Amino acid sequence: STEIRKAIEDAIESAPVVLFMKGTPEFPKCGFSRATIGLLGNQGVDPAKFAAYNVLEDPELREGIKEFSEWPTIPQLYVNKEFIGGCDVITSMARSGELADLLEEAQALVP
């Protein structure tokens, strides 16, 4: 819908690093959403350059981001408006070091 597409665009432009997740950073849903929040914390992502949105109680946004990203699972990471991936990709990139490089180059890490 017009509203959902606008919502998604607004969400992804709201910060250099954006996470669609189950729960919130304060109350993250156990499982892959909480793990991914912790992973981003360990990476040193600057909270001032980060935004997260809870799809867990927002069925329209949940379905919307899955269609938009062409990816069916949550959480999903966007950096500078680009889809980076769901959890497997995020975690793999963290392990290999591509995530750190990406976040550094996006100037999204704490000083």
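Each residue number is its position in the shown sequence, starting from 1.
Student: Averaged over C-alpha atoms, is the B-factor higher for 59 to 67 or for 80 to 88 in this PDB entry?
Tutor: Mean B over CA atoms: larger for 59 to 67.
Student: Between 91 to 99 and 15 to 23, which has the higher average C-alpha B-factor in the PDB entry?
Tutor: Looking at the record's C-alpha B-factors, the answer is 91 to 99.
Student: Per the entry's values, where does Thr73 land by CA temperature factor relative to the rest of its chain, in the lowest, middle or highest third?
Tutor: According to the entry, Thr73 has a C-alpha B-factor in the chain's middle third.
Student: Among the modelled residues of this chain, does the Cα B factor of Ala51 put it in the lowest, middle or highest third?
Tutor: Lowest third, going by the recorded CA B-factors of the chain.
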